[PDB]
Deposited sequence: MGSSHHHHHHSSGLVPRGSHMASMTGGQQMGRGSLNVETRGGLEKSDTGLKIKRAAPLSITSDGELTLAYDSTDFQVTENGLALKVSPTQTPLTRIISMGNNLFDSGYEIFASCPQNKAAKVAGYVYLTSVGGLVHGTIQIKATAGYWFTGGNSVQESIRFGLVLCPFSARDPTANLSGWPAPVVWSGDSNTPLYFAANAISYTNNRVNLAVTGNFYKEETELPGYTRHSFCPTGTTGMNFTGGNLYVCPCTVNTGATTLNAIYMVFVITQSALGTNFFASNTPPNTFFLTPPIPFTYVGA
């Protein structure tokens, strides 16, 4: 029980993470891409819940070998991911196939604190298809916040910038009322960067974002 100030008059910083920060476990995370293509990538997501706001970072690593083939990245690199911190209760929303979260602070209930707030996103969340073309361009989201960054990668990629667009989402045929988070990444290259999507690009060509920080309202 309480002290000179009660331990729930005090908000507890909670922590969960998803994926593998060592990027030594392959590329088994599903990303949907424009025009009904897809990619498998690697990722690490670190989320803290403090005061009802979620502050997190997302870090994505990809290879051309596990990317689709055809088209031109330089002229066209865009991909969509879903974060489902409550995938244990709602497996069908885990569209990107993240592992279970790993709770570093809080109950086994803690994942539920990282669904996107129900009141404030009621009319700022996209409905997603359950199939492999659930990709939504950021101009189709009902609202988003934008986070600017730049990845690194193989030498001739010649990246010029990057943007992360966060928008909560719901999947058409779920088992719970909860909001997941949709994230579409747009990454650009100068005119002479190598065509990530080309068939004459060796498979070990890679890009790797830093951890990208973002914030949304928690549950």
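**Item:** Gaps in the model, given as deposited-sequence positions counted from residue 1
**Value:** According to the deposited record, C-alpha coordinates are absent for 1-81, 158, which together make up the missing parts.
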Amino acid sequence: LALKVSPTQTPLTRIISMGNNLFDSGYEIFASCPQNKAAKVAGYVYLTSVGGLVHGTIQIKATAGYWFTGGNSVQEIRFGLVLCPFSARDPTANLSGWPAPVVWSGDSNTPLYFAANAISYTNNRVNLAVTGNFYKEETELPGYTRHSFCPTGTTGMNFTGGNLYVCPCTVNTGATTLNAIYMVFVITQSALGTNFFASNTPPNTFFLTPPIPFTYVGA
From here on, numbers count along this sequence of modelled residues.
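**Prompt:** Comparing 172-180 with 188-196, which has the greater mean CA B-factor as deposited?
**Reply:** The deposited B-factors put 172-180 ahead on the C-alpha mean.
**Item:** Average Cα temperature factor in the PDB entry - higher stretch of 129-137, 77-85
**Value:** According to the entry, 129-137 carries the higher average C-alpha B-factor.
**Message:** Going by the CA temperature factor in the PDB record, which third of the chain does residue 35 belong to: lowest, middle or highest?
**Reply:** Tercile = highest for this residue's CA B-factor.
**Asked** Among the modelled residues of its chain, does the C-alpha B-factor of residue 20 lie in the lowest, middle or highest third?
**Response** It falls in the middle third of the chain.
**Prompt:** So where's residue 120 on the chain's Cα temperature factor ranking, which third?
**Reply:** CA B-factor rank for residue 120: middle third.
**Asked** Mind checking which third residue 205 falls in for C-alpha B-factor across the chain?
**Response** According to the entry, residue 205 has a C-alpha B-factor in the chain's middle third.
**Request:** Check where residue 111 lands among this chain's C-alpha B-factors and tell me if it's the lowest, middle or highest third.
**Result:** Highest third of the chain for residue 111's C-alpha B-factor.
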